[PDB]
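The structure file structure-v1.cif is reproduced below (mmCIF, C-alpha atoms).
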```cif
data_start
#
loop_
_atom_site.group_PDB
_atom_site.id
_atom_site.type_symbol
_atom_site.label_atom_id
_atom_site.label_comp_id
_atom_site.auth_asym_id
_atom_site.auth_seq_id
_atom_site.Cartn_x
_atom_site.Cartn_y
_atom_site.Cartn_z
ATOM 1 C CA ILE A 1 -5.371 59.713 24.340
ATOM 2 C CA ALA A 2 -4.691 56.579 26.374
ATOM 3 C CA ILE A 3 -1.143 55.289 26.799
ATOM 4 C CA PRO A 4 -0.035 52.100 28.597
ATOM 5 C CA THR A 5 2.200 52.474 31.633
ATOM 6 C CA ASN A 6 3.012 48.759 31.924
ATOM 7 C CA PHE A 7 3.095 45.550 29.924
ATOM 8 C CA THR A 8 2.510 41.828 30.246
ATOM 9 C CA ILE A 9 4.350 39.079 28.389
ATOM 10 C CA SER A 10 1.857 36.471 27.219
ATOM 11 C CA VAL A 11 2.738 32.980 26.014
ATOM 12 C CA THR A 12 -0.065 31.436 23.965
ATOM 13 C CA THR A 13 -0.255 28.015 22.327
ATOM 14 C CA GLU A 14 -1.289 27.387 18.719
ATOM 15 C CA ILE A 15 -1.909 23.809 17.570
ATOM 16 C CA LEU A 16 -1.609 22.746 13.939
ATOM 17 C CA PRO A 17 -1.878 19.275 12.369
ATOM 18 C CA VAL A 18 0.722 18.478 9.726
ATOM 19 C CA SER A 19 0.340 14.773 8.870
ATOM 20 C CA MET A 20 -2.198 11.978 8.556
ATOM 21 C CA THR A 21 -1.694 8.242 9.006
ATOM 22 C CA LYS A 22 -0.139 6.722 5.895
ATOM 23 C CA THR A 23 -2.538 3.920 4.974
ATOM 24 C CA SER A 24 -2.488 1.475 2.081
ATOM 25 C CA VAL A 25 -5.056 -1.054 0.890
ATOM 26 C CA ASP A 26 -4.411 -4.196 -1.133
ATOM 27 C CA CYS A 27 -7.386 -3.767 -3.446
ATOM 28 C CA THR A 28 -7.483 -7.433 -4.445
ATOM 29 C CA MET A 29 -7.202 -8.768 -0.903
ATOM 30 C CA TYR A 30 -9.929 -6.397 0.282
ATOM 31 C CA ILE A 31 -12.359 -7.179 -2.528
ATOM 32 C CA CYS A 32 -11.804 -10.890 -3.120
ATOM 33 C CA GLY A 33 -9.854 -12.236 -0.154
ATOM 34 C CA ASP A 34 -7.987 -15.269 -1.479
ATOM 35 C CA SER A 35 -10.640 -16.487 -3.936
ATOM 36 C CA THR A 36 -9.158 -17.097 -7.376
ATOM 37 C CA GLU A 37 -12.374 -16.773 -9.380
ATOM 38 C CA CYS A 38 -13.377 -13.576 -7.601
ATOM 39 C CA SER A 39 -9.992 -12.195 -8.644
ATOM 40 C CA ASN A 40 -10.615 -13.331 -12.216
ATOM 41 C CA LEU A 41 -13.928 -11.477 -12.181
ATOM 42 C CA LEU A 42 -12.162 -8.429 -10.748
ATOM 43 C CA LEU A 43 -9.802 -8.339 -13.730
ATOM 44 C CA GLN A 44 -12.891 -7.588 -15.835
ATOM 45 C CA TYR A 45 -13.131 -4.158 -14.168
ATOM 46 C CA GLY A 46 -9.778 -2.955 -15.494
ATOM 47 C CA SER A 47 -7.421 -0.610 -13.651
ATOM 48 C CA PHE A 48 -9.599 0.434 -10.705
ATOM 49 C CA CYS A 49 -7.275 -1.210 -8.182
ATOM 50 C CA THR A 50 -4.235 0.458 -9.748
ATOM 51 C CA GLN B 1 -18.351 -21.325 20.429
ATOM 52 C CA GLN B 2 -17.356 -23.075 17.202
ATOM 53 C CA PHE B 3 -15.568 -20.339 15.239
ATOM 54 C CA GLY B 4 -14.516 -16.725 15.523
ATOM 55 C CA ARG B 5 -14.679 -13.729 13.228
ATOM 56 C CA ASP B 6 -13.078 -10.293 13.118
ATOM 57 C CA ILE B 7 -14.732 -6.877 12.802
ATOM 58 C CA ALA B 8 -15.223 -7.351 9.053
ATOM 59 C CA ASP B 9 -16.995 -10.685 9.845
ATOM 60 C CA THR B 10 -14.095 -12.544 8.204
ATOM 61 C CA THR B 11 -13.533 -15.929 9.819
ATOM 62 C CA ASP B 12 -10.271 -15.519 11.727
ATOM 63 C CA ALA B 13 -10.207 -18.686 13.848
ATOM 64 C CA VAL B 14 -11.949 -22.060 13.784
ATOM 65 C CA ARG B 15 -12.226 -25.092 16.044
ATOM 66 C CA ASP B 16 -11.320 -28.506 14.666
ATOM 67 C CA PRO B 17 -14.423 -30.709 15.098
ATOM 68 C CA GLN B 18 -12.342 -33.781 15.985
ATOM 69 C CA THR B 19 -9.322 -32.552 17.954
ATOM 70 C CA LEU B 20 -11.202 -29.493 19.302
ATOM 71 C CA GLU B 21 -8.106 -27.299 18.949
ATOM 72 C CA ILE B 22 -8.218 -23.640 17.916
ATOM 73 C CA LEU B 23 -6.651 -22.741 14.563
ATOM 74 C CA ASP B 24 -6.190 -19.219 13.249
ATOM 75 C CA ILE B 25 -6.610 -18.734 9.501
ATOM 76 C CA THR B 26 -4.243 -16.354 7.725
ATOM 77 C CA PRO B 27 -4.465 -15.451 4.017
ATOM 78 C CA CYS B 28 -1.902 -17.226 1.844
ATOM 79 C CA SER B 29 -1.138 -14.174 -0.282
ATOM 80 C CA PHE B 30 1.519 -11.702 0.863
ATOM 81 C CA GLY B 31 0.947 -8.344 -0.808
ATOM 82 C CA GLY B 32 3.301 -6.173 1.208
ATOM 83 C CA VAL B 33 6.309 -6.277 -1.116
ATOM 84 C CA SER B 34 8.144 -3.169 -2.290
ATOM 85 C CA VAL B 35 11.038 -3.039 -4.748
ATOM 86 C CA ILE B 36 13.758 -0.398 -4.429
ATOM 87 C CA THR B 37 15.463 0.289 -7.736
ATOM 88 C CA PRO B 38 18.015 2.907 -8.832
ATOM 89 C CA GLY B 39 16.503 2.730 -12.324
ATOM 90 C CA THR B 40 16.819 0.199 -15.125
ATOM 91 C CA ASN B 41 18.860 2.865 -16.917
ATOM 92 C CA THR B 42 21.686 2.692 -14.356
ATOM 93 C CA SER B 43 21.528 -0.879 -13.030
ATOM 94 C CA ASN B 44 19.476 -4.060 -12.903
ATOM 95 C CA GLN B 45 19.983 -4.575 -9.162
ATOM 96 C CA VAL B 46 17.098 -4.230 -6.724
ATOM 97 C CA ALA B 47 16.314 -4.479 -3.039
ATOM 98 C CA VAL B 48 13.130 -5.907 -1.551
ATOM 99 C CA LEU B 49 11.220 -4.541 1.434
ATOM 100 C CA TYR B 50 8.765 -6.845 3.206
#
```
In structure tokens, write the structure found in this file.
Amino acid sequence: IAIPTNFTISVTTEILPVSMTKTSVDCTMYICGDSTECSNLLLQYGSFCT
Amino acid sequence: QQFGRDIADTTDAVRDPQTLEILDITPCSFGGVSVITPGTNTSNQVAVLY
């Protein structure tokens, strides 16, 4: 058998992500900017932005 | 240089042909509004976060 006659105390680092960046997108402003008729066309696609 | 654009290629600033001043263009549609409500069941009051 082999038995230890001494010890070492080791500190080791573990790294874990917990969060992302909370991002939001204004669907209408992304797709159509400030064009009224582009927005009207976008209404034809329903609830995709929602 | 007559006008400037952002990463998306959106025109962000222009030069007035006559005065030759630089004007930034910002969308006239604020879509960063949130409404805090305790519920229509309990009250009709609200708060607004811009």
Can you tell me how far CA of residue 26 in chain A sits from CA of residue 36 in chain B, in Å to one decimal?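 About the pair CA of residue 26 in chain A and CA of residue 36 in chain B: they are 18.9 Å apart.
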Might you spell out which residues the PyMOL selection byres ((chain A) within 10 of (chain B)) would select in the displayed file, as a ChimeraX atom specification? /A:24-29,33-34
Okay, now the selection with C-alpha atoms, as a compact mmCIF listing (two decimals), in the coordinates of the input?
```txt
# COMPACT_ATOMS: atom_id res chain seq x y z
CA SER A 24 -2.49 1.48 2.08
CA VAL A 25 -5.06 -1.05 0.89
CA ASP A 26 -4.41 -4.20 -1.13
CA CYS A 27 -7.39 -3.77 -3.45
CA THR A 28 -7.48 -7.43 -4.44
CA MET A 29 -7.20 -8.77 -0.90
CA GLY A 33 -9.85 -12.24 -0.15
CA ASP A 34 -7.99 -15.27 -1.48
```
Could you spell out the hits of the PyMOL selection byres ((chain B and resi 45-48) around 9) on the shown file, as a ChimeraX atom specification? /B:33-40,43-44,49-50
Report, in Å with one decimal, the straight-line distance from CA of residue 17 in chain B to CA of residue 1 in chain B.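 These atoms are spaced 11.5 Å apart.
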Centre and edges of the range 24-41 of chain A box, axis-aligned, 8 Å extra per side, as lines of an AutoDock Vina configuration file:
```
center_x = -8.2
center_y = -7.8
center_z = -5.1
size_x = 27.4
size_y = 34.6
size_z = 30.3
```
Quote the spacing between CA of residue 32 in chain A and CA of residue 23 in chain B in Å to one decimal place. 21.9 Å
Given the file shown, enumerate the residues that the PyMOL selection byres ((chain B and resi 3-5) around 10) captures and present them as a list in words.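 With the shown file as input, the PyMOL selection byres ((chain B and resi 3-5) around 10) matches residues 1, 2, 6, 7, 8, 9, 10, 11, 12, 13, 14, 15, 16, 22, 23 and 24 of chain B.
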